[PDB]
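Peer 1: Sending over a structure as structure tokens; questions will come in a sec.
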Amino acid sequence: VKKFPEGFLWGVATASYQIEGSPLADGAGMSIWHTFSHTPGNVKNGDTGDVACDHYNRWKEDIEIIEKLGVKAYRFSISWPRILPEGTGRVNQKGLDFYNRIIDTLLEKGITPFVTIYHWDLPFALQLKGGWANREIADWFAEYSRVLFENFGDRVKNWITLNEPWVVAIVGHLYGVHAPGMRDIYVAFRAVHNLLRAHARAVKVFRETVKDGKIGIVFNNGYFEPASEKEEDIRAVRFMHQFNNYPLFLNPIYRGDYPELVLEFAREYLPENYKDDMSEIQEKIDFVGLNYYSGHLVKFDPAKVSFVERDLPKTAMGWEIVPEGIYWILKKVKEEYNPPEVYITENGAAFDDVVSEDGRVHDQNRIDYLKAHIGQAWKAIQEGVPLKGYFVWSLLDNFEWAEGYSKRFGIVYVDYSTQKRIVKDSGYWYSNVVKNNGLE
Ligand SMILES: OC[C@@H]1[C@@H](O)[C@H](O)[C@@H](O)c2[nH]cc[n+]21
């Protein structure tokens, strides 16, 4: 028996562009994921978010699935361009109505809404004006956030400004693998910095608008272990943590500067007077959300870092399964920054799910993955990490960004030819976990 604290939030998580479809319904503006995925060569099999899980029409059934499973919290995101089609100025009432109906239904059913304000679908109109590269995004984001607060802050009390700003900046603007598909290191670090200033401006508006809520920010994290005992391999791991994990953003937020190994690699790429923005960036936040999935063996390599293949079980993504990582990153966040609250805002796995003659989905692979990680998060709670909740990625199989529909992360199976949902063995298993408030 590994029982969790009283009132611990068991959740599932999604994102707007990944599940909704109908990206241009009811007056919505185009997002950068619409235009990116409609550009040939950008996404596996030419997949797009045009239909996805059709959650835009099937939202009530999906929520009834959450209810039926006894899951207590739902993390979902809001499509910025459904709300403000040109990014700023005009507010689309039908976009608001979409999420209002979802919010009210959740509350009526006793499910707690966790709203991610930004999960990667920037209005195309703002990308034309530079997107995250443009300092003015701090204002655009603040105005968008304000609209959300004033419309939903009466019911939604748990808010996340940004999902994984490292991904948004680096993967979108350095690697060119995600929208807007750019490859410029100077742009990428100007996006890092602007994402911090936009987050902080949104927290500032939140304090003025929603006197009773809590607001945080979510980061992607990996468990980096060194390839050897050498100083250089250990330092490589020190860099990877500071750059890829929560320190890139939490050091500015809590300590007022970037981490030192980030400045050694990247100072030339940041704005010259970037320090002028640091005091505003230190705006107080209520919680840290950490996403965690995999570990990496790492060595210095004359980036100056490469990864080392390890045997280890991998998921269908080719990601090594390292459950002790989730315990480590939870310990390390307390040790380094001691935020008053942490949530695991995403944890999950992609496996090659098949519907058996059954037709059940016997994803014992995913049960083992989840169980293992839930166990390590228990451990962290026993050693005093203020972990208040845990969210499975994902409720549904969905559009997995540049992988398209070929990667299935759901605890609910989606048959794309019909839109039939089939609860996986992992979903039933997780329901039992929530009911008992822990493992057995
Ligand atoms: O790759 C599975 C998922 C994506 O679908 C989510 O949008 C994203 O927030 C995330 N971070 C780490 C892994 N994932």
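Letters A, B, ... mark the chains of the structure tokens in the order given; residue numbers begin at 1 per chain; ligand numbers begin at 1, in order shown.
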Quick one: everything within 9 Å of residue 193 of chain A, counting only C-alpha atoms, minus sequence neighbours fewer than 4 positions away in the same chain. Send it as a list in words.
Peer 2: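 The filter keeps residues 132, 133, 135, 188, 189, 197, 198, 249, 270, 271, 274 and 277 of chain A.
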Peer 1: Set the distance at 12 Å and use only C-alpha atoms: which residues neighbour segment 167-174 of chain A once local chain neighbours fewer than 4 positions away are removed? I'd like the list as a ChimeraX atom specification.
Peer 2: /A:32-33,36,42,118-122,127,130-133,162-163,178-196,218-221,243-246,248-249,269,291,401-402
Peer 1: Generate the output file for the selected residues, N, CA and C atoms, as a compact mmCIF listing (two decimals), in the first residue's frame.
Peer 2:
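out-v8.txt was written with the following content:
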```txt
# COMPACT_ATOMS: atom_id res chain seq x y z
N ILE A 32 -0.28 28.98 -35.70
CA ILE A 32 0.99 28.55 -36.33
C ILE A 32 1.09 27.04 -36.49
N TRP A 33 0.29 26.26 -35.74
CA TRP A 33 0.32 24.81 -35.93
C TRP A 33 -0.52 24.38 -37.13
N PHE A 36 1.92 25.45 -40.06
CA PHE A 36 3.05 24.52 -40.00
C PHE A 36 2.67 23.11 -40.48
N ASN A 42 6.68 18.93 -42.98
CA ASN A 42 6.86 19.32 -41.57
C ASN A 42 6.41 18.25 -40.56
N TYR A 118 -1.32 28.72 -22.64
CA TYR A 118 -0.57 28.54 -23.87
C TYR A 118 0.08 27.18 -23.99
N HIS A 119 -0.46 26.39 -24.91
CA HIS A 119 0.16 25.08 -25.20
C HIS A 119 0.42 25.01 -26.70
N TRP A 120 1.12 26.05 -27.19
CA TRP A 120 1.86 26.02 -28.47
C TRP A 120 1.11 26.52 -29.72
N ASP A 121 -0.20 26.70 -29.65
CA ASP A 121 -0.94 27.18 -30.82
C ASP A 121 -1.08 28.73 -30.89
N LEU A 122 0.05 29.41 -31.11
CA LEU A 122 0.08 30.87 -31.27
C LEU A 122 -0.82 31.28 -32.44
N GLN A 127 2.39 35.64 -35.31
CA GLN A 127 3.63 35.11 -35.88
C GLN A 127 4.09 36.01 -37.02
N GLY A 130 6.30 38.57 -35.81
CA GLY A 130 7.48 38.02 -35.11
C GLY A 130 7.23 36.97 -34.01
N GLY A 131 5.98 36.79 -33.59
CA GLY A 131 5.67 35.81 -32.51
C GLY A 131 6.52 36.05 -31.28
N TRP A 132 7.11 34.97 -30.78
CA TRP A 132 7.85 34.99 -29.52
C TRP A 132 9.15 35.77 -29.61
N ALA A 133 9.58 36.08 -30.83
CA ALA A 133 10.79 36.92 -31.09
C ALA A 133 10.57 38.40 -30.79
N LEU A 162 2.39 29.04 -19.29
CA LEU A 162 3.06 28.45 -20.45
C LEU A 162 3.30 26.98 -20.22
N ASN A 163 3.06 26.17 -21.26
CA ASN A 163 3.55 24.78 -21.33
C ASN A 163 4.90 24.75 -22.00
N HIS A 178 9.27 22.16 -34.67
CA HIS A 178 7.92 22.55 -34.28
C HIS A 178 7.68 23.92 -34.87
N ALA A 179 6.40 24.30 -34.99
CA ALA A 179 6.03 25.65 -35.39
C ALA A 179 6.75 26.70 -34.50
N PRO A 180 7.14 27.87 -35.04
CA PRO A 180 6.97 28.27 -36.43
C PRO A 180 8.04 27.72 -37.39
N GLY A 181 8.85 26.78 -36.93
CA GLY A 181 9.77 26.09 -37.81
C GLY A 181 11.01 26.85 -38.17
N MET A 182 11.61 27.54 -37.22
CA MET A 182 12.75 28.40 -37.52
C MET A 182 14.07 27.77 -37.01
N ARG A 183 15.21 28.23 -37.53
CA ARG A 183 16.54 27.71 -37.11
C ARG A 183 17.48 28.86 -36.99
N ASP A 184 17.35 29.58 -35.88
CA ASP A 184 18.17 30.72 -35.63
C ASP A 184 18.39 30.79 -34.11
N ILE A 185 19.65 30.63 -33.67
CA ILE A 185 19.96 30.57 -32.23
C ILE A 185 19.69 31.88 -31.49
N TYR A 186 19.90 33.00 -32.17
CA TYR A 186 19.62 34.33 -31.62
C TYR A 186 18.11 34.58 -31.45
N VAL A 187 17.34 34.19 -32.46
CA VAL A 187 15.88 34.20 -32.29
C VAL A 187 15.42 33.30 -31.10
N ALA A 188 15.99 32.09 -31.02
CA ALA A 188 15.57 31.10 -30.04
C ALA A 188 15.74 31.61 -28.61
N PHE A 189 16.84 32.32 -28.33
CA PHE A 189 17.07 32.88 -26.99
C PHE A 189 16.35 34.18 -26.74
N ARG A 190 16.08 34.92 -27.80
CA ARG A 190 15.14 36.03 -27.63
C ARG A 190 13.72 35.53 -27.31
N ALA A 191 13.35 34.35 -27.83
CA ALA A 191 12.07 33.70 -27.47
C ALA A 191 12.04 33.20 -26.00
N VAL A 192 13.11 32.54 -25.55
CA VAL A 192 13.29 32.19 -24.12
C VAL A 192 12.96 33.38 -23.23
N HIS A 193 13.64 34.49 -23.49
CA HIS A 193 13.54 35.71 -22.68
C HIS A 193 12.16 36.34 -22.73
N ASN A 194 11.60 36.42 -23.92
CA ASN A 194 10.25 36.98 -24.07
C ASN A 194 9.15 36.14 -23.43
N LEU A 195 9.34 34.82 -23.43
CA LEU A 195 8.44 33.88 -22.78
C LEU A 195 8.39 34.11 -21.25
N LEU A 196 9.55 34.35 -20.65
CA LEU A 196 9.67 34.77 -19.24
C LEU A 196 8.93 36.07 -18.96
N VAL A 218 4.70 25.49 -16.38
CA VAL A 218 5.07 24.07 -16.57
C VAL A 218 6.36 23.93 -17.33
N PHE A 219 7.23 23.03 -16.89
CA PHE A 219 8.49 22.80 -17.61
C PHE A 219 8.67 21.34 -17.97
N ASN A 220 9.24 21.09 -19.14
CA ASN A 220 9.73 19.76 -19.50
C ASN A 220 11.03 19.43 -18.74
N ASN A 221 11.18 18.18 -18.35
CA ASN A 221 12.42 17.75 -17.68
C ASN A 221 12.87 16.37 -18.10
N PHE A 243 19.90 23.83 -18.61
CA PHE A 243 19.48 24.31 -19.92
C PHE A 243 18.17 23.67 -20.33
N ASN A 244 18.08 22.35 -20.22
CA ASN A 244 16.90 21.59 -20.64
C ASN A 244 15.81 21.49 -19.59
N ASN A 245 16.19 21.57 -18.30
CA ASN A 245 15.21 21.40 -17.22
C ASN A 245 14.79 22.74 -16.64
N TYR A 246 13.94 22.70 -15.62
CA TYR A 246 13.35 23.90 -15.00
C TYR A 246 14.30 25.07 -14.59
N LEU A 248 16.47 26.85 -16.25
CA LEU A 248 16.55 27.93 -17.24
C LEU A 248 15.54 29.03 -16.99
N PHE A 249 14.36 28.63 -16.51
CA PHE A 249 13.30 29.56 -16.15
C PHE A 249 13.18 29.87 -14.66
N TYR A 269 23.83 35.30 -27.25
CA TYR A 269 22.53 35.16 -27.97
C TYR A 269 21.36 35.86 -27.30
N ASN A 291 6.76 18.43 -16.05
CA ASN A 291 6.50 17.28 -16.90
C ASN A 291 7.74 16.38 -16.89
N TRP A 401 2.13 16.17 -32.45
CA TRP A 401 3.00 17.18 -33.06
C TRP A 401 3.65 16.67 -34.37
N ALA A 402 4.96 16.78 -34.53
CA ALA A 402 5.59 16.42 -35.81
C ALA A 402 5.58 14.89 -36.08
```
Peer 1: What are the nearest atom pairs, with distances in Å to one decimal, for all residues of chain A that come at most 8 Å from ligand 1, using only C-alpha atoms and all ligand atoms, set out by chain and rising residue number as CSV?
Peer 2:
```
residue,atom,partner,partner_atom_place_in_ligand_line,distance
A:14,CA,ligand 1,7 (O),7.3
A:15,CA,ligand 1,7 (O),6.2
A:18,CA,ligand 1,5 (O),7.2
A:119,CA,ligand 1,7 (O),7.0
A:163,CA,ligand 1,9 (O),6.2
A:164,CA,ligand 1,9 (O),6.5
A:220,CA,ligand 1,11 (N),5.8
A:291,CA,ligand 1,12 (C),6.2
A:292,CA,ligand 1,12 (C),6.7
A:293,CA,ligand 1,12 (C),6.6
A:346,CA,ligand 1,11 (N),7.0
A:347,CA,ligand 1,13 (C),7.7
A:348,CA,ligand 1,2 (C),7.4
A:349,CA,ligand 1,2 (C),7.4
A:350,CA,ligand 1,2 (C),7.7
A:393,CA,ligand 1,3 (C),6.8
A:394,CA,ligand 1,5 (O),7.8
A:398,CA,ligand 1,5 (O),7.6
A:399,CA,ligand 1,5 (O),7.3
A:400,CA,ligand 1,5 (O),5.0
A:401,CA,ligand 1,5 (O),6.7
A:409,CA,ligand 1,2 (C),6.7
```
Peer 1: Using only C-alpha atoms, find the one residue out of A:299, A:333, A:206, A:310 that sits nearest to residue 285 of chain A.
Peer 2: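 Smallest distance to residue 285 of chain A is found for A:206.
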Peer 1: What are the closest atom pairs, with distances in Å to one decimal, for all residues of segment 257-371 of chain A lying within 10 Å of segment 228-236 of chain A? Consider only C-alpha atoms, order rows by chain and residue number, and present the result as a tab-separated table.
Peer 2:
```
residue	atom	partner	partner_atom	distance
A:261	CA	A:235	CA	9.0
A:297	CA	A:228	CA	9.2
A:298	CA	A:233	CA	6.7
A:299	CA	A:233	CA	4.7
A:300	CA	A:233	CA	5.2
A:301	CA	A:236	CA	8.8
A:303	CA	A:236	CA	9.6
A:304	CA	A:236	CA	7.7
A:305	CA	A:236	CA	6.3
A:306	CA	A:236	CA	8.9
```
Peer 1: Using only C-alpha atoms, which protein or nucleic acid residues come within 7 Å of residue 294 of chain A? Drop anything in the same chain fewer than 6 positions from it, and give the result as a PDB file with N, CA, C and O atoms, in the first residue's frame.
Peer 2:
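The result, stored in around_8.pdb:
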```pdb
ATOM      1  N   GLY A 222      14.177  16.199 -18.169  1.00  0.00           N
ATOM      2  CA  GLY A 222      14.801  14.886 -18.382  1.00  0.00           C
ATOM      3  C   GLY A 222      15.689  14.511 -17.204  1.00  0.00           C
ATOM      4  O   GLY A 222      16.187  15.388 -16.488  1.00  0.00           O
ATOM      5  N   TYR A 223      15.891  13.215 -16.992  1.00  0.00           N
ATOM      6  CA  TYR A 223      16.835  12.741 -15.973  1.00  0.00           C
ATOM      7  C   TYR A 223      18.144  12.463 -16.665  1.00  0.00           C
ATOM      8  O   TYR A 223      18.304  11.446 -17.352  1.00  0.00           O
ATOM      9  N   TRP A 319      12.177   6.511 -26.215  1.00  0.00           N
ATOM     10  CA  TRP A 319      12.563   7.183 -24.981  1.00  0.00           C
ATOM     11  C   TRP A 319      12.841   6.133 -23.903  1.00  0.00           C
ATOM     12  O   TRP A 319      11.978   5.307 -23.603  1.00  0.00           O
ATOM     13  N   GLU A 320      14.013   6.191 -23.282  1.00  0.00           N
ATOM     14  CA  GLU A 320      14.349   5.251 -22.219  1.00  0.00           C
ATOM     15  C   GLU A 320      13.468   5.461 -20.989  1.00  0.00           C
ATOM     16  O   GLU A 320      13.263   6.584 -20.547  1.00  0.00           O
ATOM     17  N   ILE A 321      12.925   4.364 -20.470  1.00  0.00           N
ATOM     18  CA  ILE A 321      12.054   4.356 -19.297  1.00  0.00           C
ATOM     19  C   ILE A 321      12.915   4.353 -18.028  1.00  0.00           C
ATOM     20  O   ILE A 321      13.579   3.350 -17.724  1.00  0.00           O
ATOM     21  N   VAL A 322      12.924   5.471 -17.299  1.00  0.00           N
ATOM     22  CA  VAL A 322      13.782   5.607 -16.116  1.00  0.00           C
ATOM     23  C   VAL A 322      12.980   6.133 -14.935  1.00  0.00           C
ATOM     24  O   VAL A 322      13.037   7.313 -14.616  1.00  0.00           O
TER      25      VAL A 322
END
```
Peer 1: Step one, run DSSP on the backbone; step two, keep only residues of segment 350-380 of chain A assigned to helix (DSSP H, G or I); then write them as a PyMOL selection string.
Peer 2: chain A and resi 364-380
Peer 1: Could you write out that same residue set with N, CA, C and O atoms as a compact mmCIF listing (two decimals), in the first residue's frame?
Peer 2:
```
# COMPACT_ATOMS: atom_id res chain seq x y z
N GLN A 364 -0.30 -3.44 -20.92
CA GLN A 364 0.38 -3.75 -19.67
C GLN A 364 1.67 -2.96 -19.63
O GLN A 364 2.13 -2.57 -18.55
N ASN A 365 2.25 -2.74 -20.82
CA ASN A 365 3.43 -1.88 -20.97
C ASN A 365 3.20 -0.51 -20.32
O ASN A 365 4.08 0.01 -19.62
N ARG A 366 2.02 0.05 -20.53
CA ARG A 366 1.73 1.40 -20.03
C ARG A 366 1.33 1.36 -18.56
O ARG A 366 1.64 2.30 -17.82
N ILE A 367 0.67 0.29 -18.14
CA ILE A 367 0.38 0.09 -16.72
C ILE A 367 1.69 0.08 -15.92
O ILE A 367 1.81 0.81 -14.95
N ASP A 368 2.66 -0.71 -16.37
CA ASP A 368 3.95 -0.86 -15.68
C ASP A 368 4.68 0.46 -15.59
O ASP A 368 5.31 0.77 -14.57
N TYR A 369 4.61 1.22 -16.68
CA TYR A 369 5.26 2.53 -16.79
C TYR A 369 4.63 3.48 -15.77
O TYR A 369 5.31 4.09 -14.97
N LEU A 370 3.32 3.59 -15.79
CA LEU A 370 2.63 4.49 -14.91
C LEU A 370 2.84 4.13 -13.42
O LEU A 370 3.19 5.02 -12.60
N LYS A 371 2.61 2.84 -13.09
CA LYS A 371 2.76 2.32 -11.72
C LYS A 371 4.11 2.68 -11.16
O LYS A 371 4.22 3.28 -10.10
N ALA A 372 5.15 2.34 -11.91
CA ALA A 372 6.52 2.67 -11.54
C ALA A 372 6.75 4.12 -11.18
O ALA A 372 7.45 4.42 -10.22
N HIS A 373 6.17 5.03 -11.98
CA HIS A 373 6.40 6.48 -11.81
C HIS A 373 5.55 7.02 -10.66
O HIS A 373 6.01 7.85 -9.88
N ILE A 374 4.31 6.55 -10.55
CA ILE A 374 3.46 6.90 -9.42
C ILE A 374 4.16 6.51 -8.09
O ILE A 374 4.22 7.32 -7.16
N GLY A 375 4.74 5.31 -8.06
CA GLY A 375 5.55 4.85 -6.91
C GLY A 375 6.69 5.77 -6.48
O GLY A 375 6.85 6.03 -5.27
N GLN A 376 7.46 6.27 -7.46
CA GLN A 376 8.57 7.21 -7.20
C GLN A 376 8.08 8.59 -6.76
O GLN A 376 8.75 9.28 -6.01
N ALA A 377 6.91 9.01 -7.22
CA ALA A 377 6.36 10.29 -6.78
C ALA A 377 5.83 10.20 -5.34
O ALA A 377 5.83 11.18 -4.58
N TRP A 378 5.37 9.01 -4.97
CA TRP A 378 5.00 8.70 -3.60
C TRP A 378 6.22 8.90 -2.69
O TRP A 378 6.15 9.60 -1.69
N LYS A 379 7.33 8.32 -3.11
CA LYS A 379 8.58 8.38 -2.39
C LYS A 379 8.94 9.81 -2.06
O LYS A 379 9.17 10.16 -0.88
N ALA A 380 8.96 10.65 -3.10
CA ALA A 380 9.21 12.09 -2.97
C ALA A 380 8.29 12.77 -1.96
O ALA A 380 8.73 13.61 -1.20
```
Peer 1: Using only C-alpha atoms, which residues sit within 12 Å of residue 90 of chain A once same-chain residues fewer than 3 positions away are excluded, as an MDAnalysis selection string?
Peer 2: chainID A and resid 27:29 80:87 93 95 143:144 147
Peer 1: Would you save the residues from that selection as a PDB file, in the first residue's frame, using N, CA, C and O atoms?
Peer 2:
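Here's the written file part-v3.pdb:
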```pdb
ATOM      1  N   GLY A  27     -15.450  31.158 -36.407  1.00  0.00           N
ATOM      2  CA  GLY A  27     -14.673  32.395 -36.380  1.00  0.00           C
ATOM      3  C   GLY A  27     -13.233  32.335 -35.832  1.00  0.00           C
ATOM      4  O   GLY A  27     -12.579  33.365 -35.751  1.00  0.00           O
ATOM      5  N   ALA A  28     -12.741  31.152 -35.459  1.00  0.00           N
ATOM      6  CA  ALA A  28     -11.315  30.976 -35.039  1.00  0.00           C
ATOM      7  C   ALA A  28     -10.311  31.537 -36.060  1.00  0.00           C
ATOM      8  O   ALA A  28     -10.543  31.455 -37.256  1.00  0.00           O
ATOM      9  N   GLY A  29      -9.203  32.125 -35.597  1.00  0.00           N
ATOM     10  CA  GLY A  29      -8.136  32.519 -36.512  1.00  0.00           C
ATOM     11  C   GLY A  29      -7.240  31.308 -36.689  1.00  0.00           C
ATOM     12  O   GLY A  29      -7.258  30.400 -35.863  1.00  0.00           O
ATOM     13  N   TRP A  80      -5.577  30.122 -28.092  1.00  0.00           N
ATOM     14  CA  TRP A  80      -5.488  31.571 -28.214  1.00  0.00           C
ATOM     15  C   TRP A  80      -6.265  32.128 -29.430  1.00  0.00           C
ATOM     16  O   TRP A  80      -7.081  33.018 -29.283  1.00  0.00           O
ATOM     17  N   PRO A  81      -6.016  31.599 -30.639  1.00  0.00           N
ATOM     18  CA  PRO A  81      -6.773  32.136 -31.815  1.00  0.00           C
ATOM     19  C   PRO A  81      -8.293  31.817 -31.877  1.00  0.00           C
ATOM     20  O   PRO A  81      -8.985  32.448 -32.666  1.00  0.00           O
ATOM     21  N   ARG A  82      -8.823  30.885 -31.070  1.00  0.00           N
ATOM     22  CA  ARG A  82     -10.332  30.838 -30.935  1.00  0.00           C
ATOM     23  C   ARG A  82     -10.886  32.020 -30.139  1.00  0.00           C
ATOM     24  O   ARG A  82     -12.023  32.433 -30.319  1.00  0.00           O
ATOM     25  N   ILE A  83     -10.072  32.548 -29.245  1.00  0.00           N
ATOM     26  CA  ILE A  83     -10.485  33.606 -28.346  1.00  0.00           C
ATOM     27  C   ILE A  83     -10.250  34.963 -28.996  1.00  0.00           C
ATOM     28  O   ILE A  83     -11.152  35.783 -29.008  1.00  0.00           O
ATOM     29  N   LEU A  84      -9.038  35.188 -29.522  1.00  0.00           N
ATOM     30  CA  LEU A  84      -8.713  36.423 -30.197  1.00  0.00           C
ATOM     31  C   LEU A  84      -8.171  36.023 -31.587  1.00  0.00           C
ATOM     32  O   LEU A  84      -7.010  35.709 -31.703  1.00  0.00           O
ATOM     33  N   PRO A  85      -9.032  35.958 -32.623  1.00  0.00           N
ATOM     34  CA  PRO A  85      -8.638  35.504 -33.952  1.00  0.00           C
ATOM     35  C   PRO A  85      -7.403  36.170 -34.563  1.00  0.00           C
ATOM     36  O   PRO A  85      -6.632  35.489 -35.276  1.00  0.00           O
ATOM     37  N   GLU A  86      -7.192  37.454 -34.272  1.00  0.00           N
ATOM     38  CA  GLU A  86      -5.973  38.148 -34.707  1.00  0.00           C
ATOM     39  C   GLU A  86      -4.935  38.258 -33.609  1.00  0.00           C
ATOM     40  O   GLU A  86      -4.000  39.040 -33.743  1.00  0.00           O
ATOM     41  N   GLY A  87      -5.137  37.546 -32.510  1.00  0.00           N
ATOM     42  CA  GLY A  87      -4.182  37.545 -31.413  1.00  0.00           C
ATOM     43  C   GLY A  87      -4.433  38.638 -30.386  1.00  0.00           C
ATOM     44  O   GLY A  87      -4.343  38.393 -29.191  1.00  0.00           O
ATOM     45  N   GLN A  93     -16.821  35.531 -29.269  1.00  0.00           N
ATOM     46  CA  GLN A  93     -17.691  35.003 -28.181  1.00  0.00           C
ATOM     47  C   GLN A  93     -17.908  33.498 -28.300  1.00  0.00           C
ATOM     48  O   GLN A  93     -18.018  32.808 -27.292  1.00  0.00           O
ATOM     49  N   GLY A  95     -15.721  31.306 -29.284  1.00  0.00           N
ATOM     50  CA  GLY A  95     -14.553  30.639 -28.757  1.00  0.00           C
ATOM     51  C   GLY A  95     -14.674  30.534 -27.250  1.00  0.00           C
ATOM     52  O   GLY A  95     -14.396  29.475 -26.660  1.00  0.00           O
ATOM     53  N   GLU A 143      -2.703  40.768 -22.485  1.00  0.00           N
ATOM     54  CA  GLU A 143      -4.091  41.087 -22.913  1.00  0.00           C
ATOM     55  C   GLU A 143      -4.945  39.811 -23.114  1.00  0.00           C
ATOM     56  O   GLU A 143      -6.105  39.739 -22.694  1.00  0.00           O
ATOM     57  N   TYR A 144      -4.351  38.789 -23.725  1.00  0.00           N
ATOM     58  CA  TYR A 144      -4.997  37.482 -23.881  1.00  0.00           C
ATOM     59  C   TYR A 144      -5.315  36.861 -22.523  1.00  0.00           C
ATOM     60  O   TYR A 144      -6.476  36.473 -22.260  1.00  0.00           O
ATOM     61  N   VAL A 147      -8.181  38.515 -20.681  1.00  0.00           N
ATOM     62  CA  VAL A 147      -9.472  38.120 -21.207  1.00  0.00           C
ATOM     63  C   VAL A 147      -9.910  36.812 -20.564  1.00  0.00           C
ATOM     64  O   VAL A 147     -11.060  36.688 -20.163  1.00  0.00           O
TER      65      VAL A 147
END
```
Peer 1: Just asking: which residues within segment 136-311 of chain A are strand (DSSP E or B) according to DSSP, as a ChimeraX atom specification?
Peer 2: /A:158-163,214-226,287-300,305-308
Peer 1: Report as a count of residues only all protein, DNA and RNA residues lying within 8 Å of residue 76 of chain A, evaluated on only C-alpha atoms, omitting residues in the same chain fewer than 3 positions from it.
Peer 2: 8
